[PDB]
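What follows is a set of notes on a single structure, which appears directly below.
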Amino acid sequence: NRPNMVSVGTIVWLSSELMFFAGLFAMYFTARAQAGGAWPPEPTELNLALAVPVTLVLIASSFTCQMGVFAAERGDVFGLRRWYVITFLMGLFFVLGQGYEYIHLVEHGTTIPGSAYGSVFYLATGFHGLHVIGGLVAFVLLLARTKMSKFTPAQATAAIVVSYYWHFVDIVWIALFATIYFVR
Amino acid sequence: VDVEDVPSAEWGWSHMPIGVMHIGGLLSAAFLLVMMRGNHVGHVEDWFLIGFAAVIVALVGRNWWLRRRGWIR
Amino acid sequence: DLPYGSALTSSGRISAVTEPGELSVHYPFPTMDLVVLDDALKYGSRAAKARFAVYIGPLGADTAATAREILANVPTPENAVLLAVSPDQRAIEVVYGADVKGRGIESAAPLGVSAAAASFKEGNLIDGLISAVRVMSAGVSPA
Amino acid sequence: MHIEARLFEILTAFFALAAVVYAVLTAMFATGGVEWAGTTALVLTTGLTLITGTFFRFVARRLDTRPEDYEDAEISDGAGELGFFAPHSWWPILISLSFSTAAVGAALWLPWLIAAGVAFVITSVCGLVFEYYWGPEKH
Amino acid sequence: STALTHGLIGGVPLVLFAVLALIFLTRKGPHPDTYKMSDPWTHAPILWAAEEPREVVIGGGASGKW
Amino acid sequence: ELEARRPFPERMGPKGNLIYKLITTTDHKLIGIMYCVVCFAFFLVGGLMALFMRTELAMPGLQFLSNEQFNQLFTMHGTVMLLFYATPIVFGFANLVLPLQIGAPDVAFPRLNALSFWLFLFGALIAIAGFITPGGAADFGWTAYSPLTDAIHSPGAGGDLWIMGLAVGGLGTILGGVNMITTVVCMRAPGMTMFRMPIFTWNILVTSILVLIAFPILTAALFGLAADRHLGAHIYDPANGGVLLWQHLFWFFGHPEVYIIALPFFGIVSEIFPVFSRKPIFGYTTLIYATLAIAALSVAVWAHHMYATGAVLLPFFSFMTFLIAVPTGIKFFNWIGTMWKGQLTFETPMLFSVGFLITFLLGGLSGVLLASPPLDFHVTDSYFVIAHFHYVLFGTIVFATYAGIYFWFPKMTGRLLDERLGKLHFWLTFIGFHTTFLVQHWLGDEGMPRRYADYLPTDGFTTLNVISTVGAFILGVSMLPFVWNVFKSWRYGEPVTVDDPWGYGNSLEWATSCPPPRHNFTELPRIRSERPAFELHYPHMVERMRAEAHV
Amino acid sequence: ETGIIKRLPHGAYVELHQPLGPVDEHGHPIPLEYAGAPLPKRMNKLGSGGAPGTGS
Ligand code: HEA
Ligand code: HEA
Ligand SMILES: CCCCCCCCCCCCCC(=O)O[C@H](COC(=O)CCCCCCCCCCC)COP(=O)(O)O
Ligand SMILES: CCCCCCCCCCCCC
Ligand SMILES: CCCCCCCCCCCCC
Ligand SMILES: [Ca+2]
Ligand SMILES: [Cu+2]
Ligand SMILES: [Mg+2]
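So the sequences go chain by chain: S, P, V, T, U, R and N. Reading the first sequence from the start, the letters are residues 20 to 203 in PDB author numbering. Reading the second sequence from the start, the letters are residues 28 to 100 in PDB author numbering. Reading the third sequence from the start, the letters are residues 15 to 157 in PDB author numbering. Reading the fourth sequence from the start, the letters are residues 1 to 139 in PDB author numbering. Reading the fifth sequence from the start, the letters are residues 2 to 56, 69 to 79 in PDB author numbering. Reading the sixth sequence from the start, the letters are residues 10 to 560 in PDB author numbering. Reading the seventh sequence from the start, the letters are residues 446 to 501 in PDB author numbering.
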């Protein structure tokens, strides 16, 4: 009969977090306008054979995260744990996939000090990867709390607000993925 | 000390004489003042010693005066 | 019957106001003198485990029977020692509960009367109360 | 809670208008074309009010009038338990100390101090989250 | 000059502080005037009691007059 | 009807009454008090920095300061005043009365509220800790213009500590803003609708929205600067367009940030004027629209700080900057209308509020002068600019801050500050401020640029600099009476046994004891307007206020 | 202190407390005497959180 206080606090903070990514987006666009015709410039060669499967995994993690919310709203703690463990594994795969992309980009001459494109690319995607890592920590902390006490409505609220952050992270990546790999 | 000030007054050592803290503070400031005797050629440190010694002396004097007038016990 | 700006709340508490720049207490004594008396009352009661009280006002015609009624307003009146002073009556009524009986108040109560009377002759009301409380509290044991 | 999001929708419309106007006005008769830094900030400033306003719009249409949303509600209408509010906690000062340790390490570029700070933050955040959920000791 | 500059910087704030303090701190505060024995007790009756110790048959009393 | 009372209220709590509370409290009342003491310590610390500069600028030639030390001084002086004093004390007043104003027992997130204080205290200490490094603290100005902040031009660790200290404190501000939005939306008492809240509550809620827009982008910009200095990135490289990239982001943060420390103090005087005028706030409904318009407009006028760069669209920002003056002018007419045909008594909270009106206007009039690019082409980066933000900040974060302190001190402490000492403090502050800041309009117009450590005897700036130096030291000695009043009146001040020491309070905090209990309320009255306490204390005036509300 | 805030019908805000011993007829607990042992301060440490559920 009353709005969820934790949900309102999380959504309010999630809106503010978007302005942090606004600054990173401004840096990428400012450097893109000064590229001069090459964006990305040589020797940076983005490959979609790896980014696309990595992006699809993160998108699929949102669906399983939503499934855990349905279990949490249903009062099924075991269903919530199964879906959030699966979500954590795919979220971890996203971090490993991004890092594996980072290793090959560095070997081919795309680094933060190497070029202006490397600076904006790594800051924008790296800070998002830090947000993904923070989301994985939230999953572990929330799941550890599931083994401490009985499944209460306040505990179910904590599961919902964590999924809000995960959905926010996934949506931001879609903007980053479309802006970097398609709007060149 | 009374149980109103220290609730666990009867469970352990809870009182230190005020004379020990007052004399210790005065000796505290005196040791800071004698440390200006040395081989250092700068005086930035000396002013820091003077300020800390003055603060300690002022605190000791304020506490002693307030206890003498009876405003604090 | 409530004063101006005062209201009775739904919980029974009285929500009062005072005009800006005015005082809500306004006792006709210096602030520092009040602090000394409060310290004498607080620490004197602590040292004797008996609540000491001071009353300043009228005491009817037979002061002794007014003090007796007045002591019923002191919290825990059975373990309380009240000193009543009537400037217009120029008298000193001292009353104590049954719990204080036999703890040395009988020797100290006249001394508190004498201490208060000596300072009252000099035109010192707060000083007389402070002196009376100090001597009476020092003569009462926590037993 | 119909007023709360009406505040954000009103801000959303103005931010959307300013973002569109600034982008168009910088595209034409402005050196360098579209000024990307301000345009990006204005566009995502609209996003901030849009997400909060949309959420408040969905919450408002679900639940009926609250006692604080009534134009003539009684104090007794709000009787009942409000919720859980933490009485005391020394974890928040530990979280800030943990975060300040990492910031100092990042300021002076000490990777060991950064690693210690990150580990301290995780432990401090874990204590805050688990503070009111730890069970009794089992022996 | 240089002596006048240091005189104004150190002198005017102290002179202004003294003048303004004499204007305001010499005024009468809202505190009531101390009661005098020669004057009648026109104040409301006052009952003061200590809060200690933390929480009606009389045991006796005494008389007195000054 | 004899009720036993102590001869005097307890001066201080027993041994151990505070130290464990300070590190474990979740009470907004104690936390709000903790924000005032620390913010007032930082204000004293930063004021000493200005005294050093102002003494140095009294005479031509470097008497005791170097160029580097002077450059570090105005950077840190400005950082402490803007981010370590003004921004936190906004939440200082929020934790004091906002839960009381909406009839709430606590903030939405008590532990997150405590986290903001410590994040803010340790973040401020990190930035100030640059002064203990051999190189010194940051010396590129609080604006931190690029590429002056690059590792090539600012290699010292003082700048790095400045960047990281701001990031930690900015996180606390964001969390505090999140707490205040949630508290207003969810913790309102029954019958307290959105359009019945006090103006101060409205201002804080709207300000917290501005925090969520300005501070995250500042954190993003600072992290990009940290990447350049430590990872060798090219975010703010001039060849990459980073000169204007830093300015755009920093001013998109900065100008919404100065209304974060303007609107709440607009709300403070909006609470004080009706109380001492014995009349309801004039245009209560319109003041909310004015605040909302000011908040909305402040987000798209950032580039008027970049007129002289020759790289911004002048007509767009010049026009919208002119638009801000309209809602701000509306607030003056409501404040004057509130005082109009009232019964003014001019106590210390009211006296400081009147000083706000006089001081804020002159700084505001200089604002429209600066808003025009042609006039700003001569006075930008000069002491005329210094005169604008000093008249217009001083009124809000000092005059209204002191007005709120005097207004709410009996509420949060149960003791009244001395009025005679308060009047001396107000007049000393007013005279010193005007003496030290009136002549700076002439200095900037004459040709004296800002951020100069030294000038020449033939420049013609000596006489006005001496006058400004005399006034600044009056502001320094104006500090002693207020500190003495707070120190003495906190234990020996006049006791407050009533709910409303000012008689005609309107908001809900005046319907509770002084100080309020742990959960702020032992009862609540019927809420039917924006003056519930006035209705509770004066039931007979309820009919009159409804009948006479419209002119 | 259980951390649960309750609003009374007349508007009072009170926090629910868990007594560690006998209570009065009014409901307020009888004050207990310190015995040199640690005292609980969190309801979850007293078993109020229960158990999640037996299983993997
Ligand atoms: C926001 C609030 C704010 C406040 C309150 C002030 C307060 C004062 N400031 Fe301002 N200032 C700024 C905000 C503020 N400032 C900003 C944003 C800048 C930008 C700088 C930049 O370009 O980066 C600035 C820069 C600035 C300049 C420009 C200097 C230059 O560019 O060269 C000057 C010029 O004199 C100035 C002077 C003063 C003076 C005399 C006070 C008076 O308030 C000071 C008097 C106050 C005191 C508190 C005196 C202290 C007295 C004591 C007794 C202390 C004792 C304490 C101990 C012993 C511990 N400051
Ligand atoms: C409290 C903080 C605060 C507030 C409230 C303001 C309010 C305003 N400011 Fe600003 N400003 C600063 C803090 C503030 N400012 C700071 C800190 C800087 C410099 C930062 C730095 O460089 O470090 C700055 C610098 C700054 C500049 C850039 C100067 C430069 O560097 O060249 C400009 C230019 O447009 C500007 C204009 C305005 C205007 C038009 C208002 C308006 O909001 C004011 C409008 C108010 C009135 C007009 C009075 C009321 C109106 C009426 C009674 C009706 C009258 C109508 C007319 C005259 C048309 N100020
Ligand atoms: C990092 C491990 C990842 C494992 C992959 C699967 C993800 C889900 C893990 C669930 C763990 C459940 C543990 C549990 O319930 O124990 C609970 C207690 O756990 C803790 O207190 C600590 C948990 C671990 C903290 C993690 C900190 C660092 C996070 C790093 C993130 C990368 C059970 O407590 P109990 O005694 O039963 O009350
Ligand atoms: C309280 C008002 C103070 C006004 C100070 C300004 C004085 C200006 C004098 C200029 C003299 C030039 C030679
Ligand atoms: C809004 C602009 C205000 C200008 C104030 C000027 C102060 C007078 C200075 C006189 C200097 C004479 C040399
Ligand atoms: Ca000089
Ligand atoms: Cu501006
Ligand atoms: Mg400039």
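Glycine included, C-beta positions come from ideal geometry on N, C-alpha and C.
query                                                                                                                                                                     : result
Given this structure, state the Cα-to-Cα distance separating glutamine 463 of chain N from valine 139 of chain S, to the nearest angstrom.                                : 56 Å
Just list the residues that DSSP pairs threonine 34 of chain R with in beta bridges.                                                                                      : T:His88
Could you check whether the Cβ of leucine 109 of chain R sits closer than 9 Å to any Cβ belonging to chain N?                                                             : no
Quick check: is any heavy atom of ligand 4 less than 8 Å from the C-beta of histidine 443 of chain R?                                                                     : yes
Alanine 146 of chain R and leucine 170 of chain R - do their beta-carbons sit closer together than 9 Å?                                                                   : yes
Quick check on this structure: which residue in P:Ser35, P:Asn66, P:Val84 has the alpha carbon closest to the alpha carbon of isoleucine 50 of chain P?                   : P:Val84
Taking 9 Å as the CB-CB limit, is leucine 73 of chain V close to chain R?                                                                                                 : no
When DSSP builds the beta bridges, which residues end up paired with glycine 83 of chain T?                                                                               : N:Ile450
So what does DSSP say about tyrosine 461 of chain R, is it helix, strand or coil?                                                                                         : coil
How many Å lie between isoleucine 75 of chain T and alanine 457 of chain N at the Cα?                                                                                     : 10 Å
Mind listing the chain R neighbours of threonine 6 of chain U? Cutoff is C-beta to C-beta under 7 Å, in chain order.                                                      : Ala67, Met68, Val475
Do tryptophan 519 of chain R and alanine 542 of chain R have their beta-carbon atoms positioned less than 9 Å apart in this structure?                                    : yes
Should the segment 99-113 of chain R be regarded as contacting the segment 36-46 of chain R, the criterion being three or more beta carbon pairs within less than 8 Å?    : yes
Closer than 8 Å: is that where the CB of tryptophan 311 of chain R sits relative to any heavy atom of ligand 7?                                                           : yes
If you reduce the DSSP assignment to three classes, tell me which class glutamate 35 of chain T lands in.                                                                 : coil
May I ask whether a heavy atom of ligand 2 can be found less than 8 Å away from the beta carbon of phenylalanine 369 of chain R?                                          : yes
Quick one: grab the DSSP three-state call for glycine 11 of chain U.                                                                                                      : helix
List, in order along the chain, the chain R residues whose C-beta lies closer than 7 Å to that of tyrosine 458 of chain N?                                                : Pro114, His528, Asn529, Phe530
Using the Cα positions of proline 336 of chain R and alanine 299 of chain R, report the straight-line distance between them to the nearest angstrom.                      : 5 Å
Counting Cβ pairs closer than 8 Å, one from the segment 250-258 of chain R and one from the segment 151-164 of chain R, do we hit at least three?                         : yes
Taking beta-carbon pairs under 9 Å, can you tell me which members of the segment 10-22 of chain R lie near chain U?                                                       : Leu11, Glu12, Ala13, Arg14, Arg15, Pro16, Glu19
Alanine 412 of chain R to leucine 21 of chain U, Cα distance in whole Å?                                                                                                  : 20 Å
Hey, which unbroken runs of the beta strand (DSSP E) at 3 residues or more fall wholly within the segment 234-272 of chain R?                                             : none
Taking the CB atoms as reference points, tell me whether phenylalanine 15 of chain T and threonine 49 of chain T lie closer together than 9 Å.                            : yes
From this set, R:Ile303, R:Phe442, R:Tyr268, R:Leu426, which residue's C-alpha is nearest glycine 364 of chain R's C-alpha?                                               : R:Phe442
Can you list, in chain order, the residues of the segment 57-69 of chain V whose Cβ is nearer than 8 Å to any Cβ on chain P?                                              : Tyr57, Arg60
Can you tell me which of the three DSSP states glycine 98 of chain S falls into?                                                                                          : helix
With 9 Å set as the bound, which would you pick, yes or no: does the beta-carbon of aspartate 52 of chain V sit closer than that to a beta-carbon of chain P?             : no
Check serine 391 of chain R in the structure and name its three-state DSSP category.                                                                                      : strand
Is there contact between the segment 419-433 of chain R and the segment 514-533 of chain R, where contact requires at least three CB pairs shorter than 8 Å?              : yes
Just confirm the distance between the C-beta atoms of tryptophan 151 of chain R and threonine 202 of chain R, as a whole number of angstroms; I'd bet it's less than 8 Å. : In fact, because the Cβ distance is near 41 Å, the residues do not count as touching under 8 Å.
Compute the Euclidean distance between the alpha carbons of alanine 45 of chain U and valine 109 of chain V, then round it to the nearest angstrom.                       : 21 Å
What residue range is occupied by the uninterrupted alpha helix (DSSP H) comprising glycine 453 of chain R?                                                               : 449-455
Quick one: which chain V residues come within Cβ less than 7 Å of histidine 455 of chain N?                                                                               : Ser24, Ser25
Where does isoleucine 536 of chain R sit, in a helix, a strand or coil, going by DSSP?                                                                                    : coil
Pick out whichever of R:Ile137, R:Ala59, R:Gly70 has its Cα sitting closest to the Cα of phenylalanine 93 of chain R.                                                     : R:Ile137
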